[PDB]
Structures are given as C-alpha cells and as structure tokens.
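Notes follow once the structure below has been shown.
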Amino acid sequence: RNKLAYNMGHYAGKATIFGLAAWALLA
Numbered sequence: 001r002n003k004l005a006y007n008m009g010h011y012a013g014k015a016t017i018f019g020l021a022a023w024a025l026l027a
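Quick note on the deposited numbering: the sequence shown kicks off at 1 and runs consecutively.
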C-alpha cells in the first residue's frame, strides 16, 4: 500500500549510493 516520490525516488538515491556500493565497490 506504500508508494510515493519519497518512497521510490528518494530510496533510489539511497540504494544507489549505499546499496549499490556494497555490490559495485564491496563485491
């Protein structure tokens, strides 16, 4: 039931900086 510019778009920012760092840089 959750979705919003802050949900998707804002998390996309976090996930690309943090999450992706684990995958790109850390893996």
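C-beta: ideal position from N, C-alpha, C; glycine also.
Tell me which residue opens and which closes the alpha helix (DSSP H) that residue i is part of.
| i | result |
| --- | --- |
| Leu20 | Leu20 to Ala24 |
| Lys3 | It is not in any alpha helix (DSSP H) - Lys3 carries neither H nor E in the DSSP assignment. |
How about residue i: is its C-beta nearer than 8 Å to some C-beta of chain D?
| i | result |
| --- | --- |
| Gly9 | Judged by its chain identifiers, the structure shown contains no chain D, having just a single protein chain. |
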